[PDB]
Amino acid sequence: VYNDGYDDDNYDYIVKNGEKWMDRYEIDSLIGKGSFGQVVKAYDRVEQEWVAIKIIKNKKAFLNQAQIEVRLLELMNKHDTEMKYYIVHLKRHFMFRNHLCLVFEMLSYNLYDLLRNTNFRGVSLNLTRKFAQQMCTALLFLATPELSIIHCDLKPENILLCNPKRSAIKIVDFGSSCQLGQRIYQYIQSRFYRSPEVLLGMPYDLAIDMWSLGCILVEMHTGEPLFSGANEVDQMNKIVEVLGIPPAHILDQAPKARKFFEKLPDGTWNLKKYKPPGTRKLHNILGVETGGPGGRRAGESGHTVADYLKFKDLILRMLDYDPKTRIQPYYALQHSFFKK
Ligand SMILES: CN(c1nccc(-c2cnn3ncccc23)n1)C1CC1
């Protein structure tokens, strides 16, 4: 017996279809799950609308992660009452049968689900552009000084459609997030989307989320992760294949430089004992001059050489090794990849 019969051996609440809570919510069905717990579709009888209830595991580490999340969501939502900046809306929260419960607006499929639905062949450049514009607008809002929030776990699965037939999105899952100058974490970001400064053990700021965004946008159009490392050494080597050896001024100050690199007599750095550095060109991953990914966009509208050159230019600015010169949200939104 766990939690008087209400919980399973994984710390999760055992969902019961049609259960009534608090003279208010009628639980319908499970609609998603993850490390944190479960998400159910429920009818809110007071507000007369469907909601998504995120039921956190009954275990102190998961409870405290979600308490951090609640505080950040309350801060963000207070500064976007019109819901124009692409962050999910937390309506309220409560404790129920020893589980913290977060009540959200209901959302639809995530962007990994969309990739699966393309048979892992990618969405169009036009749809990629729509997702990119909304994500850059969200990053601009997170960078406002009263927020200064670093999401720290951006990936396709954490970006959700509002409605199944439309391109509008919201970002979810602030459990691993932090604020500039209240930064605590040395180990952060899911591996495929992890920035060079984090891999190298260096100081970090909101620019880590822009790195993740550049990786995400390439994957949305090709269908496959850009840098699919199996461990940190493989991750760094995959980044180097595309982007070359990082600048010496960075490696000279990196606590973990020698996990990946060695310094030569002339002061230059090379890899420790892959395609040679910088020879896996993004120009060819995207298929700029050869019909897009797999050549499959040849003959389609919305996929010109000129369009692809603008996309490539913006991505390479998001993937700058130097976090001080990497493109920032304000300037990303002004880039000619985006439309008047
Ligand atoms: C339709 N769904 C949904 N709808 C609204 C809000 C959220 C949500 C809010 N915060 N988080 N955090 C992690 C994972 C999901 C969510 N999920 C997803 C299936 C679960």
# chains A, B, ... in the order shown; residues from 1 in each chain; ligands from 1

call {"tool": "residues_near_ligand", "arguments": {"ligand": "ligand 1", "cutoff": "7 Å", "atoms": "only C-alpha atoms and all ligand atoms", "output": "ChimeraX atom specification"}}
result
/A:31-34,39,52,54,88,104-109,158,172-173

call {"tool": "write_last_selection", "arguments": {"atoms": "N, CA and C atoms", "output": "short mmCIF file (atom, residue, chain, number, x, y, z; two decimals), in the first residue's frame"}}
result
data_model
loop_
_atom_site.label_atom_id
_atom_site.label_comp_id
_atom_site.auth_asym_id
_atom_site.auth_seq_id
_atom_site.Cartn_x
_atom_site.Cartn_y
_atom_site.Cartn_z
N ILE A 31 -3.42 12.36 -20.50
CA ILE A 31 -3.04 12.88 -21.81
C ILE A 31 -1.53 13.06 -21.99
N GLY A 32 -0.71 12.85 -20.95
CA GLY A 32 0.75 12.91 -21.07
C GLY A 32 1.38 12.51 -19.76
N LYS A 33 2.68 12.25 -19.79
CA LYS A 33 3.39 11.86 -18.58
C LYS A 33 4.88 12.10 -18.79
N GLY A 34 5.62 12.07 -17.69
CA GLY A 34 7.06 12.27 -17.72
C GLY A 34 7.68 12.05 -16.35
N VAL A 39 0.00 14.22 -16.55
CA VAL A 39 -0.91 15.31 -16.92
C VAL A 39 -2.25 14.71 -17.34
N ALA A 52 -5.79 21.22 -18.23
CA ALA A 52 -4.77 20.18 -18.05
C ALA A 52 -4.23 20.30 -16.63
N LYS A 54 -1.35 19.04 -14.14
CA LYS A 54 -0.04 18.40 -13.96
C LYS A 54 0.06 17.93 -12.49
N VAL A 88 3.39 29.05 -21.52
CA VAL A 88 2.15 28.43 -21.03
C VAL A 88 1.57 29.17 -19.81
N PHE A 104 -3.31 24.14 -15.77
CA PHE A 104 -2.90 24.88 -16.94
C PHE A 104 -4.05 24.97 -17.94
N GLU A 105 -3.96 25.94 -18.86
CA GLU A 105 -4.71 25.84 -20.10
C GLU A 105 -4.36 24.51 -20.80
N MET A 106 -5.31 23.92 -21.53
CA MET A 106 -4.99 22.67 -22.27
C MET A 106 -4.30 22.98 -23.60
N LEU A 107 -3.28 22.20 -23.94
CA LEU A 107 -2.55 22.31 -25.20
C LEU A 107 -2.67 21.01 -26.03
N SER A 108 -2.06 20.99 -27.20
CA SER A 108 -2.16 19.91 -28.16
C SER A 108 -0.80 19.21 -28.30
N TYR A 109 -0.43 18.78 -29.52
CA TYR A 109 0.76 17.94 -29.75
C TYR A 109 2.06 18.73 -29.53
N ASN A 158 9.40 20.04 -25.53
CA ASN A 158 8.96 21.10 -24.59
C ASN A 158 8.34 22.30 -25.28
N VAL A 172 6.72 24.96 -22.44
CA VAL A 172 6.41 24.33 -21.16
C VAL A 172 7.70 23.86 -20.46
N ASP A 173 7.52 23.48 -19.17
CA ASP A 173 8.47 22.78 -18.31
C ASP A 173 9.63 23.65 -17.83
#

call {"tool": "residues_around", "arguments": {"residues": "residue A:338", "least_positions_apart": "2", "cutoff": "12 Å", "atoms": "only C-alpha atoms", "output": "PyMOL selection string"}}
result
chain A and resi 125-134+136-137+307+310-311+314+331-336+340

call {"tool": "write_last_selection", "arguments": {"atoms": "N, CA and C atoms", "output": "mmCIF file, in the first residue's frame"}}
result
data_model
loop_
_atom_site.group_PDB
_atom_site.id
_atom_site.type_symbol
_atom_site.label_atom_id
_atom_site.label_comp_id
_atom_site.auth_asym_id
_atom_site.auth_seq_id
_atom_site.Cartn_x
_atom_site.Cartn_y
_atom_site.Cartn_z
ATOM 1 N N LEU A 125 10.146 24.760 -44.723
ATOM 2 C CA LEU A 125 10.857 25.963 -44.307
ATOM 3 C C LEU A 125 9.884 27.049 -43.823
ATOM 4 N N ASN A 126 8.700 27.168 -44.463
ATOM 5 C CA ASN A 126 7.712 28.172 -44.048
ATOM 6 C C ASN A 126 7.212 27.908 -42.623
ATOM 7 N N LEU A 127 6.932 26.644 -42.260
ATOM 8 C CA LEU A 127 6.472 26.332 -40.901
ATOM 9 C C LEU A 127 7.613 26.489 -39.884
ATOM 10 N N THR A 128 8.852 26.108 -40.283
ATOM 11 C CA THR A 128 10.035 26.338 -39.454
ATOM 12 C C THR A 128 10.165 27.824 -39.099
ATOM 13 N N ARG A 129 9.991 28.706 -40.088
ATOM 14 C CA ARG A 129 10.065 30.157 -39.879
ATOM 15 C C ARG A 129 9.020 30.640 -38.862
ATOM 16 N N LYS A 130 7.775 30.147 -38.968
ATOM 17 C CA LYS A 130 6.728 30.501 -37.992
ATOM 18 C C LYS A 130 7.103 30.070 -36.562
ATOM 19 N N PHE A 131 7.609 28.843 -36.397
ATOM 20 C CA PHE A 131 8.050 28.405 -35.071
ATOM 21 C C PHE A 131 9.229 29.250 -34.574
ATOM 22 N N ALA A 132 10.192 29.551 -35.467
ATOM 23 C CA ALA A 132 11.360 30.358 -35.077
ATOM 24 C C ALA A 132 10.974 31.757 -34.591
ATOM 25 N N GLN A 133 10.019 32.402 -35.279
ATOM 26 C CA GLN A 133 9.634 33.777 -34.915
ATOM 27 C C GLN A 133 8.994 33.807 -33.530
ATOM 28 N N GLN A 134 8.117 32.838 -33.246
ATOM 29 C CA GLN A 134 7.478 32.761 -31.936
ATOM 30 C C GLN A 134 8.496 32.439 -30.844
ATOM 31 N N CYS A 136 11.768 33.128 -30.819
ATOM 32 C CA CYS A 136 12.602 34.307 -30.563
ATOM 33 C C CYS A 136 11.848 35.369 -29.740
ATOM 34 N N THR A 137 10.544 35.530 -29.992
ATOM 35 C CA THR A 137 9.722 36.460 -29.214
ATOM 36 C C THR A 137 9.634 36.019 -27.743
ATOM 37 N N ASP A 307 16.298 31.781 -50.002
ATOM 38 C CA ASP A 307 15.647 31.515 -48.713
ATOM 39 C C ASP A 307 16.568 30.696 -47.801
ATOM 40 N N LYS A 310 19.500 32.667 -46.275
ATOM 41 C CA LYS A 310 19.116 33.472 -45.105
ATOM 42 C C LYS A 310 18.947 32.606 -43.866
ATOM 43 N N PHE A 311 18.297 31.440 -44.008
ATOM 44 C CA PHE A 311 18.146 30.515 -42.887
ATOM 45 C C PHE A 311 19.507 30.080 -42.352
ATOM 46 N N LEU A 314 21.229 32.890 -40.289
ATOM 47 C CA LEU A 314 20.679 33.066 -38.947
ATOM 48 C C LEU A 314 21.112 31.925 -38.019
ATOM 49 N N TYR A 331 17.869 41.109 -32.008
ATOM 50 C CA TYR A 331 18.478 41.127 -33.332
ATOM 51 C C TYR A 331 18.047 39.926 -34.167
ATOM 52 N N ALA A 332 17.818 38.768 -33.561
ATOM 53 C CA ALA A 332 17.275 37.637 -34.311
ATOM 54 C C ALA A 332 15.940 38.003 -34.957
ATOM 55 N N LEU A 333 15.075 38.723 -34.217
ATOM 56 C CA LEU A 333 13.765 39.116 -34.731
ATOM 57 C C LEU A 333 13.862 40.115 -35.883
ATOM 58 N N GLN A 334 14.951 40.905 -35.974
ATOM 59 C CA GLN A 334 15.136 41.865 -37.072
ATOM 60 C C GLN A 334 15.762 41.241 -38.324
ATOM 61 N N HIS A 335 16.273 40.014 -38.228
ATOM 62 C CA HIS A 335 16.964 39.348 -39.340
ATOM 63 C C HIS A 335 16.049 39.168 -40.548
ATOM 64 N N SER A 336 16.629 39.253 -41.746
ATOM 65 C CA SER A 336 15.853 39.178 -42.990
ATOM 66 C C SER A 336 15.221 37.807 -43.264
ATOM 67 N N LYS A 340 8.346 40.962 -43.347
ATOM 68 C CA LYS A 340 7.611 42.171 -42.966
ATOM 69 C C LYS A 340 6.140 41.837 -42.682
#

call {"tool": "residues_around", "arguments": {"residues": "residue A:142", "least_positions_apart": "6", "cutoff": "9 Å", "atoms": "only C-alpha atoms", "output": "PyMOL selection string"}}
result
chain A and resi 76+148-151+206

call {"tool": "write_last_selection", "arguments": {"atoms": "N, CA, C and O atoms", "output": "short mmCIF file (atom, residue, chain, number, x, y, z; two decimals), in the first residue's frame"}}
result
data_model
loop_
_atom_site.label_atom_id
_atom_site.label_comp_id
_atom_site.auth_asym_id
_atom_site.auth_seq_id
_atom_site.Cartn_x
_atom_site.Cartn_y
_atom_site.Cartn_z
N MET A 76 6.29 35.01 -14.60
CA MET A 76 6.14 35.21 -16.06
C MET A 76 4.71 35.60 -16.45
O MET A 76 4.49 36.57 -17.20
N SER A 148 14.62 37.74 -16.40
CA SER A 148 15.99 37.21 -16.57
C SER A 148 16.04 35.70 -16.38
O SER A 148 16.94 35.15 -15.70
N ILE A 149 15.10 35.00 -17.03
CA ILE A 149 14.92 33.56 -16.86
C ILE A 149 15.65 32.79 -17.97
O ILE A 149 15.56 33.14 -19.17
N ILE A 150 16.42 31.78 -17.56
CA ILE A 150 17.06 30.80 -18.45
C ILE A 150 16.24 29.51 -18.36
O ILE A 150 16.10 28.94 -17.27
N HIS A 151 15.63 29.08 -19.47
CA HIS A 151 14.78 27.88 -19.44
C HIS A 151 15.60 26.64 -19.09
O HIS A 151 15.20 25.83 -18.22
N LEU A 206 21.80 33.76 -20.48
CA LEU A 206 20.63 33.42 -21.30
C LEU A 206 21.01 32.94 -22.70
O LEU A 206 20.18 32.32 -23.39
#

call {"tool": "closest_residue", "arguments": {"among": "A:84, A:197, A:190, A:141", "to": "residue A:169", "atoms": "only C-alpha atoms"}}
result
A:84

call {"tool": "closest_residue", "arguments": {"among": "A:16, A:221, A:273, A:79", "to": "residue A:115", "atoms": "only C-alpha atoms"}}
result
A:221

call {"tool": "residues_around", "arguments": {"residues": "residue A:224", "least_positions_apart": "4", "cutoff": "9 Å", "atoms": "only C-alpha atoms", "output": "list in words"}}
result
residues 115, 120, 121, 122, 218, 219, 220 and 228 of chain A

call {"tool": "closest_residue", "arguments": {"among": "A:209, A:9, A:47, A:28", "to": "residue A:59", "atoms": "only C-alpha atoms"}}
result
A:9

call {"tool": "closest_residue", "arguments": {"among": "A:263, A:45, A:170, A:326", "to": "residue A:245", "atoms": "only C-alpha atoms"}}
result
A:263

call {"tool": "atom_distance", "arguments": {"atom1": "atom CA of residue A:185", "atom2": "atom CA of residue A:328"}}
result
22.3 Å

call {"tool": "closest_residue", "arguments": {"among": "A:53, A:282, A:70, A:257", "to": "residue A:239", "atoms": "only C-alpha atoms"}}
result
A:282

call {"tool": "select_by_dssp", "arguments": {"residues": "stretch 63-239 of chain A", "states": "strand (DSSP E or B)", "output": "list in words"}}
result
residues 87, 90, 91, 92, 93, 94, 95, 96, 99, 100, 101, 102, 103, 104, 110, 149, 150, 159, 160, 161, 169, 170, 171, 178 and 179 of chain A

call {"tool": "write_last_selection", "arguments": {"atoms": "N, CA and C atoms", "output": "PDB file, in the first residue's frame"}}
result
ATOM      1  N   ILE A  87       4.463  31.742 -23.547  1.00  0.00           N
ATOM      2  CA  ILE A  87       4.742  30.933 -22.358  1.00  0.00           C
ATOM      3  C   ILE A  87       3.415  30.343 -21.869  1.00  0.00           C
ATOM      4  N   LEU A  90      -0.282  29.164 -16.364  1.00  0.00           N
ATOM      5  CA  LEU A  90      -0.648  28.508 -15.104  1.00  0.00           C
ATOM      6  C   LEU A  90      -1.845  29.255 -14.497  1.00  0.00           C
ATOM      7  N   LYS A  91      -2.994  28.593 -14.415  1.00  0.00           N
ATOM      8  CA  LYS A  91      -4.214  29.204 -13.863  1.00  0.00           C
ATOM      9  C   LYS A  91      -4.210  29.254 -12.332  1.00  0.00           C
ATOM     10  N   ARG A  92      -3.828  28.165 -11.664  1.00  0.00           N
ATOM     11  CA  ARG A  92      -3.798  28.063 -10.199  1.00  0.00           C
ATOM     12  C   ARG A  92      -3.092  26.760  -9.828  1.00  0.00           C
ATOM     13  N   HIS A  93      -2.861  26.562  -8.525  1.00  0.00           N
ATOM     14  CA  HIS A  93      -2.275  25.322  -8.016  1.00  0.00           C
ATOM     15  C   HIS A  93      -2.897  24.973  -6.666  1.00  0.00           C
ATOM     16  N   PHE A  94      -2.741  23.715  -6.251  1.00  0.00           N
ATOM     17  CA  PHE A  94      -3.271  23.239  -4.968  1.00  0.00           C
ATOM     18  C   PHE A  94      -2.591  21.931  -4.589  1.00  0.00           C
ATOM     19  N   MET A  95      -2.685  21.561  -3.305  1.00  0.00           N
ATOM     20  CA  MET A  95      -2.243  20.251  -2.823  1.00  0.00           C
ATOM     21  C   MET A  95      -3.466  19.347  -2.731  1.00  0.00           C
ATOM     22  N   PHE A  96      -3.383  18.119  -3.246  1.00  0.00           N
ATOM     23  CA  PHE A  96      -4.496  17.151  -3.227  1.00  0.00           C
ATOM     24  C   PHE A  96      -3.958  15.746  -2.968  1.00  0.00           C
ATOM     25  N   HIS A  99      -0.249  15.257  -3.352  1.00  0.00           N
ATOM     26  CA  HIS A  99       0.361  15.644  -4.622  1.00  0.00           C
ATOM     27  C   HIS A  99       0.149  17.136  -4.875  1.00  0.00           C
ATOM     28  N   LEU A 100       1.230  17.855  -5.203  1.00  0.00           N
ATOM     29  CA  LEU A 100       1.091  19.217  -5.733  1.00  0.00           C
ATOM     30  C   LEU A 100       0.524  19.129  -7.154  1.00  0.00           C
ATOM     31  N   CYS A 101      -0.514  19.919  -7.442  1.00  0.00           N
ATOM     32  CA  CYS A 101      -1.228  19.909  -8.725  1.00  0.00           C
ATOM     33  C   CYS A 101      -1.208  21.316  -9.319  1.00  0.00           C
ATOM     34  N   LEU A 102      -0.775  21.416 -10.571  1.00  0.00           N
ATOM     35  CA  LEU A 102      -0.666  22.668 -11.326  1.00  0.00           C
ATOM     36  C   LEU A 102      -1.739  22.643 -12.421  1.00  0.00           C
ATOM     37  N   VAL A 103      -2.652  23.624 -12.450  1.00  0.00           N
ATOM     38  CA  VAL A 103      -3.749  23.676 -13.419  1.00  0.00           C
ATOM     39  C   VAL A 103      -3.349  24.635 -14.531  1.00  0.00           C
ATOM     40  N   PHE A 104      -3.309  24.142 -15.770  1.00  0.00           N
ATOM     41  CA  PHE A 104      -2.905  24.885 -16.943  1.00  0.00           C
ATOM     42  C   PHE A 104      -4.055  24.966 -17.944  1.00  0.00           C
ATOM     43  N   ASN A 110       3.142  18.037 -29.150  1.00  0.00           N
ATOM     44  CA  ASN A 110       4.459  18.686 -29.061  1.00  0.00           C
ATOM     45  C   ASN A 110       5.217  18.607 -30.404  1.00  0.00           C
ATOM     46  N   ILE A 149      15.101  35.003 -17.027  1.00  0.00           N
ATOM     47  CA  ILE A 149      14.922  33.558 -16.864  1.00  0.00           C
ATOM     48  C   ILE A 149      15.654  32.794 -17.969  1.00  0.00           C
ATOM     49  N   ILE A 150      16.421  31.776 -17.555  1.00  0.00           N
ATOM     50  CA  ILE A 150      17.060  30.803 -18.450  1.00  0.00           C
ATOM     51  C   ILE A 150      16.240  29.513 -18.356  1.00  0.00           C
ATOM     52  N   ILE A 159       8.027  22.184 -26.578  1.00  0.00           N
ATOM     53  CA  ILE A 159       7.315  23.211 -27.339  1.00  0.00           C
ATOM     54  C   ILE A 159       6.029  22.560 -27.844  1.00  0.00           C
ATOM     55  N   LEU A 160       4.857  23.105 -27.480  1.00  0.00           N
ATOM     56  CA  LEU A 160       3.554  22.502 -27.790  1.00  0.00           C
ATOM     57  C   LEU A 160       2.693  23.406 -28.669  1.00  0.00           C
ATOM     58  N   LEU A 161       1.979  22.812 -29.626  1.00  0.00           N
ATOM     59  CA  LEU A 161       0.908  23.524 -30.317  1.00  0.00           C
ATOM     60  C   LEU A 161      -0.220  23.886 -29.361  1.00  0.00           C
ATOM     61  N   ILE A 169       2.238  28.334 -30.814  1.00  0.00           N
ATOM     62  CA  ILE A 169       2.895  27.493 -29.802  1.00  0.00           C
ATOM     63  C   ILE A 169       2.910  28.122 -28.403  1.00  0.00           C
ATOM     64  N   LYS A 170       3.206  27.269 -27.406  1.00  0.00           N
ATOM     65  CA  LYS A 170       3.586  27.683 -26.051  1.00  0.00           C
ATOM     66  C   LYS A 170       4.781  26.826 -25.594  1.00  0.00           C
ATOM     67  N   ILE A 171       5.705  27.421 -24.813  1.00  0.00           N
ATOM     68  CA  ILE A 171       6.796  26.700 -24.150  1.00  0.00           C
ATOM     69  C   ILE A 171       6.335  26.208 -22.780  1.00  0.00           C
ATOM     70  N   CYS A 178      16.311  28.635 -14.119  1.00  0.00           N
ATOM     71  CA  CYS A 178      16.952  29.485 -13.126  1.00  0.00           C
ATOM     72  C   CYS A 178      16.933  30.932 -13.614  1.00  0.00           C
ATOM     73  N   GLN A 179      17.423  31.836 -12.773  1.00  0.00           N
ATOM     74  CA  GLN A 179      17.489  33.260 -13.107  1.00  0.00           C
ATOM     75  C   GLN A 179      18.931  33.721 -13.104  1.00  0.00           C
TER      76      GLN A 179
END

call {"tool": "atom_distance", "arguments": {"atom1": "atom CA of residue A:155", "atom2": "atom CA of residue A:201"}}
result
21.0 Å

call {"tool": "closest_residue", "arguments": {"among": "A:174, A:41, A:111, A:124", "to": "residue A:74", "atoms": "only C-alpha atoms"}}
result
A:174

call {"tool": "atom_distance", "arguments": {"atom1": "atom CA of residue A:20", "atom2": "atom CA of residue A:1"}}
result
22.1 Å

call {"tool": "decode", "arguments": {"residues": "stretch 79-100 of chain A", "atoms": "N, CA and C atoms", "output": "PDB file, in the first residue's frame"}}
result
ATOM      1  N   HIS A  79       3.472  39.205 -15.916  1.00  0.00           N
ATOM      2  CA  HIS A  79       4.002  40.184 -16.853  1.00  0.00           C
ATOM      3  C   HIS A  79       3.544  39.938 -18.299  1.00  0.00           C
ATOM      4  N   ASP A  80       2.554  39.083 -18.521  1.00  0.00           N
ATOM      5  CA  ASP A  80       1.966  38.796 -19.842  1.00  0.00           C
ATOM      6  C   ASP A  80       0.503  38.406 -19.650  1.00  0.00           C
ATOM      7  N   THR A  81      -0.294  39.344 -19.125  1.00  0.00           N
ATOM      8  CA  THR A  81      -1.696  39.057 -18.851  1.00  0.00           C
ATOM      9  C   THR A  81      -2.499  38.843 -20.125  1.00  0.00           C
ATOM     10  N   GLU A  82      -2.056  39.406 -21.254  1.00  0.00           N
ATOM     11  CA  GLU A  82      -2.709  39.176 -22.538  1.00  0.00           C
ATOM     12  C   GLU A  82      -2.239  37.901 -23.233  1.00  0.00           C
ATOM     13  N   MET A  83      -1.246  37.193 -22.681  1.00  0.00           N
ATOM     14  CA  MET A  83      -0.787  35.905 -23.221  1.00  0.00           C
ATOM     15  C   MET A  83      -0.299  36.055 -24.666  1.00  0.00           C
ATOM     16  N   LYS A  84       0.588  37.025 -24.891  1.00  0.00           N
ATOM     17  CA  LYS A  84       1.109  37.312 -26.228  1.00  0.00           C
ATOM     18  C   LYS A  84       2.553  36.854 -26.454  1.00  0.00           C
ATOM     19  N   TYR A  85       3.227  36.298 -25.436  1.00  0.00           N
ATOM     20  CA  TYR A  85       4.660  36.023 -25.501  1.00  0.00           C
ATOM     21  C   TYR A  85       5.026  34.552 -25.405  1.00  0.00           C
ATOM     22  N   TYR A  86       4.060  33.645 -25.603  1.00  0.00           N
ATOM     23  CA  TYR A  86       4.333  32.248 -25.964  1.00  0.00           C
ATOM     24  C   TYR A  86       4.777  31.373 -24.780  1.00  0.00           C
ATOM     25  N   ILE A  87       4.463  31.742 -23.547  1.00  0.00           N
ATOM     26  CA  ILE A  87       4.742  30.933 -22.358  1.00  0.00           C
ATOM     27  C   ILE A  87       3.415  30.343 -21.869  1.00  0.00           C
ATOM     28  N   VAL A  88       3.392  29.052 -21.516  1.00  0.00           N
ATOM     29  CA  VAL A  88       2.151  28.429 -21.025  1.00  0.00           C
ATOM     30  C   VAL A  88       1.571  29.170 -19.812  1.00  0.00           C
ATOM     31  N   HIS A  89       0.223  29.207 -19.746  1.00  0.00           N
ATOM     32  CA  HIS A  89      -0.532  29.885 -18.680  1.00  0.00           C
ATOM     33  C   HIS A  89      -0.885  28.916 -17.547  1.00  0.00           C
ATOM     34  N   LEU A  90      -0.282  29.164 -16.364  1.00  0.00           N
ATOM     35  CA  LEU A  90      -0.648  28.508 -15.104  1.00  0.00           C
ATOM     36  C   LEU A  90      -1.845  29.255 -14.497  1.00  0.00           C
ATOM     37  N   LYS A  91      -2.994  28.593 -14.415  1.00  0.00           N
ATOM     38  CA  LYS A  91      -4.214  29.204 -13.863  1.00  0.00           C
ATOM     39  C   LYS A  91      -4.210  29.254 -12.332  1.00  0.00           C
ATOM     40  N   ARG A  92      -3.828  28.165 -11.664  1.00  0.00           N
ATOM     41  CA  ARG A  92      -3.798  28.063 -10.199  1.00  0.00           C
ATOM     42  C   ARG A  92      -3.092  26.760  -9.828  1.00  0.00           C
ATOM     43  N   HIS A  93      -2.861  26.562  -8.525  1.00  0.00           N
ATOM     44  CA  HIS A  93      -2.275  25.322  -8.016  1.00  0.00           C
ATOM     45  C   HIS A  93      -2.897  24.973  -6.666  1.00  0.00           C
ATOM     46  N   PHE A  94      -2.741  23.715  -6.251  1.00  0.00           N
ATOM     47  CA  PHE A  94      -3.271  23.239  -4.968  1.00  0.00           C
ATOM     48  C   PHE A  94      -2.591  21.931  -4.589  1.00  0.00           C
ATOM     49  N   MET A  95      -2.685  21.561  -3.305  1.00  0.00           N
ATOM     50  CA  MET A  95      -2.243  20.251  -2.823  1.00  0.00           C
ATOM     51  C   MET A  95      -3.466  19.347  -2.731  1.00  0.00           C
ATOM     52  N   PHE A  96      -3.383  18.119  -3.246  1.00  0.00           N
ATOM     53  CA  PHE A  96      -4.496  17.151  -3.227  1.00  0.00           C
ATOM     54  C   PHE A  96      -3.958  15.746  -2.968  1.00  0.00           C
ATOM     55  N   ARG A  97      -4.387  15.117  -1.864  1.00  0.00           N
ATOM     56  CA  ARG A  97      -3.988  13.746  -1.554  1.00  0.00           C
ATOM     57  C   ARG A  97      -2.472  13.578  -1.645  1.00  0.00           C
ATOM     58  N   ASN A  98      -1.749  14.552  -1.092  1.00  0.00           N
ATOM     59  CA  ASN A  98      -0.291  14.540  -1.007  1.00  0.00           C
ATOM     60  C   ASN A  98       0.431  14.722  -2.339  1.00  0.00           C
ATOM     61  N   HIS A  99      -0.249  15.257  -3.352  1.00  0.00           N
ATOM     62  CA  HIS A  99       0.361  15.644  -4.622  1.00  0.00           C
ATOM     63  C   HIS A  99       0.149  17.136  -4.875  1.00  0.00           C
ATOM     64  N   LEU A 100       1.230  17.855  -5.203  1.00  0.00           N
ATOM     65  CA  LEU A 100       1.091  19.217  -5.733  1.00  0.00           C
ATOM     66  C   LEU A 100       0.524  19.129  -7.154  1.00  0.00           C
TER      67      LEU A 100
END
